[PDB]
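Next comes just one chain, in structure tokens: the form deposited in one PDB entry.
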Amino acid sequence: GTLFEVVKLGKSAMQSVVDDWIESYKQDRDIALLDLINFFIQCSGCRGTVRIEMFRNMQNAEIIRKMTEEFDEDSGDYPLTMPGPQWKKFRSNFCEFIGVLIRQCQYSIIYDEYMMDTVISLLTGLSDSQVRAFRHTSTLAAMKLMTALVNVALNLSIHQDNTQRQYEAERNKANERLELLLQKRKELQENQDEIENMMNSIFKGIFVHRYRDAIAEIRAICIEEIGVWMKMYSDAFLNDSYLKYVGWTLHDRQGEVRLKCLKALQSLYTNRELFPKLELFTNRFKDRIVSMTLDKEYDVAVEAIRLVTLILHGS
């Protein structure tokens, strides 16, 4: 509207486009989802365009295969790997768009059993593509999508604690307000369960396959993000089964990937309340971690020394 209302609100670049897409989704879900599908296609450098009759008739496997036939066979460059200057902030805007999209949808659209299933199915199929541009773009999107979903689960816990205290405060006084708080408590837990199913689909369908990708940057993206999930949501992500992925990646050939493993572990060991969960991991990968304090790469060795110092101070 007016200059004052626009300045007072101060919508970011990515929130302005997300709110426009959400309103487009309320008018026609298929057209908005088609625009979102073509977004991830065009972000990968693909020049193809999915049409609405393709979206309504074809499966993701056929759609992706048709989009695969629309790449420049000579060039392997795509927006996530171009130097600039039109691509300096694209990666930052790409990651921010995903977090803003899910944050603005977290109270209704995310639970409609159509939007998230379409996004995750698309990103899962693109993550298994032979085209590096498809794997890189979809995996980065899926990793940021998981982190956005963790933040949704974090906000749900806050709403669950508020509803619980409002229930017990009203209980210590059955009317309509009590049964309404009982129903919201049941509904919020169902939201948590549905968000966890989405996180499991991304983890089992994308992460466990992309963390050992042939491209080093794709491995670095997966390792960096699982460390974020382990710090934000340790009850579900910090376990011996998931720590095996970080432990096995300590032996990576590329220094950029080993560097991300160490910094991921640093954020876990720097929290004293997480040390009992890391005891078995420390004993299993002690020799590899201490051996990296003299890694052939200087930047890796510095962070391994920082990690060992945190391990020692924790005990």
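Basically, rigid core = biggest C-alpha set you can superpose within 1.5 Å across the two forms. Numbers follow the displayed sequence, beginning with 1.
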| property | result |
| --- | --- |
| Residue gap status of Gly205, at least a third of other entries | no |
| Missing coords for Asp74 in a third or more of other PDB entries | yes |
| Which of 71 to 79 and 216 to 224 has higher mean CA B factor, as the PDB entry lists it | 71 to 79 |
| Selected stretch [higher average CA B-factor]: 162 to 170 or 121 to 129 | 162 to 170 |
| Highest recorded Cα temperature factor - choice among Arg288, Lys66, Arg258, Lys277 | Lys277 |
| Deposited CA B-factor, highest of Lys231, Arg210, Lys89, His136 | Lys89 |
| Relative C-alpha B-factor of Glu179, binned into the chain's lowest, middle or highest third | highest |
| Modelled-residue ranking by C-alpha temperature factor, third containing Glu53 | lowest |
| Record-listed C-alpha B factor of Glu187: chain third | middle |
| Chain third (lowest, middle, highest) by recorded CA B-factor, residue given as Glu196 | lowest |
| Within-chain third of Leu250 by Cα B-factor, per the entry | highest |
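The same protein also has a form deposited with a partner chain bound, omitted here; what follows describes it.
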property	result
Position in contact with the partner chain when the complex is considered in the bound PDB entry, options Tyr111, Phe71, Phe237, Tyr245, heavy atoms within 4.5 Å	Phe71
Option touching the partner chain, based on a heavy atom within 4.5 Å in the bound PDB entry, out of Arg272, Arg47, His251, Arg51	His251
Non-hydrogen atom within 4.5 Å of the partner chain in the bound PDB entry for each of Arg258, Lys263 and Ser291	no
The partner chain contact at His159 in the bound PDB entry, heavy atom, 4.5 Å	no
Contact flag, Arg212 vs the partner chain in the bound PDB entry, heavy atom cut 4.5 Å	yes
Contact flag, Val131 vs the partner chain in the bound PDB entry, heavy atom cut 4.5 Å	yes
Partner proximity in the bound PDB entry: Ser75 to the partner chain, non-hydrogen atom cutoff 4.5 Å	yes
Residue stretch of 75 to 83, 189 to 197, 142 to 150, 224 to 232 approaching the partner chain in the bound PDB entry, non-hydrogen atom distance within 4.5 Å	75 to 83
Residue among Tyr78, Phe94, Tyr245, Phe71 whose Cα moves 2 Å or more between the shown form and the other one, once the rigid core is superposed	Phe71
Shift of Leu9 between the shown form and the other one at or above 2 Å (CA, core fit)	yes
Change in CA distance between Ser12 and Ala148 in the bound PDB entry, which is 3 Å or more, as closer or farther	farther
Residue pair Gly10, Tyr107 - Cα distance in the bound PDB entry, closer or farther (3 Å or more)	farther
